[PDB]
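Okay, so here's just one chain, in structure tokens, the form deposited in one PDB entry.
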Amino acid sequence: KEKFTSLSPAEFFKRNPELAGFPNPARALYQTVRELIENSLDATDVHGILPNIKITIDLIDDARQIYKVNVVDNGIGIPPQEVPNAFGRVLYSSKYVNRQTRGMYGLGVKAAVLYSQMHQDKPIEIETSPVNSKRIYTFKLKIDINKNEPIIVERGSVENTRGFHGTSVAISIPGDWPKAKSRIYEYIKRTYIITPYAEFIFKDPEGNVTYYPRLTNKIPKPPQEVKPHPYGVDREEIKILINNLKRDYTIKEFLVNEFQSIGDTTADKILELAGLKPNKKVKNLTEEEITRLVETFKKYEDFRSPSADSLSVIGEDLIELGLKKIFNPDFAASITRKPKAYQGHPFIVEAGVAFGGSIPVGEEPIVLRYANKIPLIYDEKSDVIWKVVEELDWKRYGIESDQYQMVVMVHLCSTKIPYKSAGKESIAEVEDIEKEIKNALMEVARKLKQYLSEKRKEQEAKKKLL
């Protein structure tokens, strides 16, 4: 009959690699490159280190189309005791905390590792030296899919004669370079443009080398772990916060200590609206009381905004500088909005617009999407960003014709980006986010409208002379 079984997280993604962005050899190569670059960047600028990143892709077997991808960085490294699980245990991560990072699932690199053993037989190769480490630790690893645990094939150590800090990861996978080429280059090119404090070197499978020089030695303030904002915190999150407590807080104490934007005044008001007794021990909250808290958090209209300390923005100057460098337009403008909250997570939307000049002519805007400083490249038409741009009436902001030369850019940064898939190429339809993307686009479009009404006014004056 029907037979019931369970799977481990490794077997789940091994069975369904298209869920992590490994559906074909071209996209696999792209995904492997991007997960590694993202890890190296989280290991550097999140810790105040100006990134030096080296990427190499070598064709190691033309017949079988197997490529070896190697990414070397000057990050903080990884404690040797954590290396096995970091790369060989699905759903293991140092990024499950409330803080803006590129990684978030504790899936990324293991997905590439899984794809690697599914199609070839060489283990993945890791070399790492933590900050102030006397040694360089080496590993060769595979994943035991059934147990979802690391298999240490080889493990070793060498004397770190040069202070060296950082990580090298090398993984062999099926690939399709000709099909993946243009998007891999566009990925690196787009991250560089918004990361001018980093330096990249890229050697491709044909042996081309490209150099992306550091343009500034000023590093953005690192994002930090924060407490949740109360707006949108759910029932399960409340139970987690309660379970994590090491003191016998009252409900009032709980509210003031465990969240952002709650002082003694807001707290009293929340307790009253939620029908809760200030002095009750929070550990004794009932299932129904938890519900009332959550709904109260949800409908409360007077919360202060979260702070921006958990976030790292591109910023208006850089957005504008980048759009000008790439597109050489007649006009550019941008906006970094104030922080909002969704589902307890702080978030900011940034928007830019560029018009005219070297921008090609078309029937629709070129749309550049970024999430947590990652350039999104695939699945553009399923993105909530695309949904919002398409629904906006550009005619109301001066866009005359069917055909025009416009570029629209949107950056969402958050302690949590809600992607449509673990492949992280498109952003899901979360209403609070959709609304604030719309609001941001309206603010920049208003600036465009300003540029265009001046142009029309100039034209209208010159018309009289004809």
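When you see a residue number, it is the position in the sequence shown, counting from 1. For clarity, a rigid core is taken as the largest C-alpha set superposing within 1.5 Å between two forms.
Engineer: Output the stretch having the higher mean C-alpha B factor in the entry; the candidates are 391-399 and 127-135.
Structural biologist: That would be 391-399.
Engineer: Per the entry, where is the mean C-alpha temperature factor higher: 434-442 or 44-52?
Structural biologist: Taking the mean B-factor of the alpha carbons in each, 434-442 is higher.
Engineer: Just grab whichever of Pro375, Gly207, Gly232, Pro329 has the top CA B-factor as deposited.
Structural biologist: That would be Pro329, according to the entry.
Engineer: According to the Cα B-factor stored in this entry, which of the following is highest: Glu316, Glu159, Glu289, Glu225?
Structural biologist: Out of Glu316, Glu159, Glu289, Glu225, the record gives the largest C-alpha B-factor to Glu159.
Engineer: Within this chain's modelled residues, let me know which third the CA B factor of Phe87 belongs to: lowest, middle or highest.
Structural biologist: Its C-alpha B-factor, which the entry lists for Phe87, ranks in the lowest third among residues of this chain.
Engineer: Lowest, middle or highest third: where is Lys142 by C-alpha B factor in its chain?
Structural biologist: Middle third, going by the recorded CA B-factors of the chain.
Engineer: Going by the recorded CA B-factors, say which third of the chain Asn98 sits in, lowest, middle or highest.
Structural biologist: Its C-alpha B-factor belongs to the middle third of this chain's values.
Engineer: Determine, from the deposited record, the chain-internal third of the Cα B-factor for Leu276: lowest, middle or highest.
Structural biologist: As the PDB entry reports it, the C-alpha B-factor of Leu276 lands in the highest third of its chain.
Engineer: Select lowest, middle or highest to describe the third in which the CA B-factor of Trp177 falls within its chain in this entry.
Structural biologist: According to the entry, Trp177 has a C-alpha B-factor in the chain's middle third.
Beyond the structure shown, there is the form deposited in another entry, which is absent from this document and is the topic of what follows.
Engineer: Superpose on the rigid core, then report which one of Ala43, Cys413, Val33, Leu441 has a CA displacement of at least 2 angstroms between the shown form and the other one.
Structural biologist: Once the cores are aligned, the residue moving by 2 Å or more is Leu441.
Engineer: Spell out whether the Cα of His229 moves at least 2 Å between the shown form and the other one when the two forms are superposed on their rigid core.
Structural biologist: It does shift by 2 Å or more.
Engineer: Has the Cα of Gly88 moved 2 Å or more between the shown form and the other one, judged after a core fit?
Structural biologist: No: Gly88 shifts by under 2 Å between the shown form and the other one.
Engineer: Taking the rigid core as the reference frame, tell me whether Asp248 has a CA displacement of 2 angstroms or more between the shown form and the other one.
Structural biologist: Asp248 C-alpha, core-superposed: shift of 2 Å or more.
Engineer: Classify the change in Cα distance between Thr216 and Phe327 in the other form as closer or farther, relative to the shown form (magnitude of 3 Å or more).
Structural biologist: Distance between the C-alphas of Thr216 and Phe327: shorter in the other form, by 3 Å or more.
Engineer: Shorter or longer C-alpha distance for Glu125 and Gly106 in the other form, given it differs from this form by 3 Å or more?
Structural biologist: It is farther: in the other form, the C-alpha atoms of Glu125 and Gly106 lie at least 3 Å more apart than they do here.
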